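Taking it in order: structure first as structure tokens, then the write-up.
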Amino acid sequence: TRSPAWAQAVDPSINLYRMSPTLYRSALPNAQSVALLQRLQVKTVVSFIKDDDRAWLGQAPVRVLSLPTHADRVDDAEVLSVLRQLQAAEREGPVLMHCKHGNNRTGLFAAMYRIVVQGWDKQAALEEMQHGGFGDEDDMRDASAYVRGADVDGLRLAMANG
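The sequence shown begins at 34 in PDB author numbering and counts up one residue at a time.
This is the structure we're talking about:
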């Protein structure tokens, strides 16, 4: 993250980075991450895996939004749905989205958020994804292949027509 527009590191032990005041990006958090999430005022936790976050969140008054998925099966339709839901959650307050390792599934949706929601030019989102310190390229080939393949114009058009 030497580009200032890339996500800013907050807690590397769980691969936690800030994209904005209302959007964070991480790997699987644990019980001792809760205090931090509360200081960040996270109101919603979005998971792209089947693990039940309520197990480590305990009594934290956050909404749990479970969207378990597989990077190698994500399509345009799924992305639009996720981005719409992330956006809606942001309107409620700050959002944490995570997967297992915080770099493949999360890197896919983060990258698509950059492109479709913030209008970044694809190569730029891809560079954040593969070189932002979230992991190495070998960890995220699925995310990479989807992003490389996605029709950004169509996704933007479809996003506007919702």
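By construction, the Cβ of each residue, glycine as well, lies at the ideal position given by its N, Cα and C atoms.
Output needed for residue i: all residues of its chain with C-beta closer than 8 Å, excluding positions within five of it in sequence on either side, in chain order.
{"i": "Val75", "result": "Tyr57, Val95, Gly126, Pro127, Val128 and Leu129"}
{"i": "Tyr146", "result": "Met52, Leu56, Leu116 and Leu119"}
{"i": "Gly187", "result": "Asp109"}
{"i": "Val43", "result": "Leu49, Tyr50, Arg51, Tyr57, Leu69 and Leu73"}
Cα-Cα, which of the options is closest to residue i?
{"i": "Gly140", "options": "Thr77, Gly166, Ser46 and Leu188", "result": "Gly166"}
{"i": "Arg174", "options": "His103, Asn194 and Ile148", "result": "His103"}
{"i": "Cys132", "options": "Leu190, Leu73, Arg72 and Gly168", "result": "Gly168"}
{"i": "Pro101", "options": "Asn136, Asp85 and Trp89", "result": "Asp85"}
{"i": "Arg189", "options": "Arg106, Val112, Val78 and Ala60", "result": "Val112"}
{"i": "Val149", "options": "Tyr179, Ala121, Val185 and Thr77", "result": "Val185"}
Give the range of the alpha helix (DSSP H) segment to which residue i is assigned.
{"i": "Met162", "result": "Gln156 to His164"}
{"i": "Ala121", "result": "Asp109 to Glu125"}
{"i": "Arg58", "result": "It is not in any alpha helix (DSSP H) - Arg58 instead sits in the beta strand (DSSP E) that spans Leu56 to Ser59."}
{"i": "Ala191", "result": "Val185 to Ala193"}
{"i": "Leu141", "result": "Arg138 to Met145"}
{"i": "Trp89", "result": "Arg87 to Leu90"}
Taking the beta strand (DSSP E) that residue i falls in, what are its first and last residues?
{"i": "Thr77", "result": "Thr77 to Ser80"}
{"i": "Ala42", "result": "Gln41 to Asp44"}
{"i": "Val95", "result": "Premise fails: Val95 is in no beta strand (DSSP E) and is neither H nor E."}
{"i": "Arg51", "result": "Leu49 to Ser53"}
{"i": "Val128", "result": "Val128 to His131"}
With residue i and residue j assumed to form a contact (beta carbons below 8 Å), what rounded beta-carbon distance in angstroms separates them?
{"i": "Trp39", "j": "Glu161", "result": "5 Å"}
{"i": "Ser177", "j": "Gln163", "result": "7 Å"}
{"i": "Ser99", "j": "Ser80", "result": "5 Å"}
{"i": "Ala143", "j": "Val180", "result": "At roughly 10 Å, the Cβ-Cβ gap does not stay under 8 Å, so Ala143 and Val180 are not in contact."}
{"i": "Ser59", "j": "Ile47", "result": "5 Å"}
Among the residues of its own chain, which have a CB less than 7 Å from the CB of residue i, if the five just before and after it don't count?
{"i": "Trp89", "result": "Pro62, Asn63 and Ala64"}
{"i": "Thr34", "result": "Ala40, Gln41, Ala42, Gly165 and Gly166"}
{"i": "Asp172", "result": "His134, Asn136 and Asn137"}
So, for residue i: in the same chain, excluding its five sequence neighbours on each side, which residues have a beta-carbon less than 6 Å away from its beta-carbon?
{"i": "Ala191", "result": "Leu113"}
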